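K.L.:
Quick one: the structure is below, and I'll ask about it shortly.
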Amino acid sequence: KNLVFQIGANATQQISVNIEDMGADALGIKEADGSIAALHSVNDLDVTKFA
Amino acid sequence: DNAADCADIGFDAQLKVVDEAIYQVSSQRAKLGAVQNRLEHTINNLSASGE
């Protein structure tokens with residue numbers, strides 16, 4: 001579901017743009033990861049969990 | 001729904017067919033100008049031969 005912009009007065013004179021981020025915008029491979037890589041932007045350990 | 005690759009909802013086909021409509025209303029409108037030229041040259045023949 002790209003961001004097709006119309007840019008020209010003719011066919012296929014267009015630009016495709018994509019965008020993503022949310023709470024789970026930390027490290028990623030295809031998905032973020034489980035215990036890491038999203039909750040490093042949603043949960044962010046230091047509740048007691050560095051001592 | 002879709003961008004360019006459905007042939008009945010894609011921008012390229014739709015716009016192309018608008019360009020066809022413009023092209024063939026332009027064609028029909030382009031015949032009849034030449035028809036007016038036919039009739040002007042004709043009337044010149046009719047005034048000459050008439051005289």
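Please note that chains go A, B, ... in the order of the structure tokens, that every chain numbers its residues from 1, and that ligands are numbered from 1 in the order shown.
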Excluding residue 37 (chain A) and any residue of its chain fewer than 6 positions from it, enumerate the residues within 10 Å of it, using only C-alpha atoms, and give them as a list in words.
P.N.:
residues 24, 25, 26, 27, 28, 29, 31 and 44 of chain A
K.L.:
Would you mind listing, as a PyMOL selection string, all residues of chain A that have at least one atom within 10 Å of chain B, where only C-alpha atoms are what counts?
P.N.:
chain A and resi 1-6+9-14
K.L.:
If you run DSSP on the backbone here, which positions in chain B get alpha helix (DSSP H)? Please write them as a ChimeraX atom specification.
P.N.:
/B:11-50
K.L.:
As a list in words, please: every residue in chain A that a backbone DSSP assignment puts in strand (DSSP E).
P.N.:
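These are the residues in question: residues 5, 6, 14 and 15 of chain A.
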K.L.:
Export, as a compact mmCIF listing (two decimals), in the first residue's frame, the selected residues with C-alpha atoms.
P.N.:
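File written: part02.txt
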# COMPACT_ATOMS: atom_id res chain seq x y z
CA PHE A 5 2.04 10.31 -5.71
CA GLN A 6 1.00 11.62 -9.08
CA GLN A 14 4.68 8.52 -10.27
CA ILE A 15 6.72 8.10 -7.10
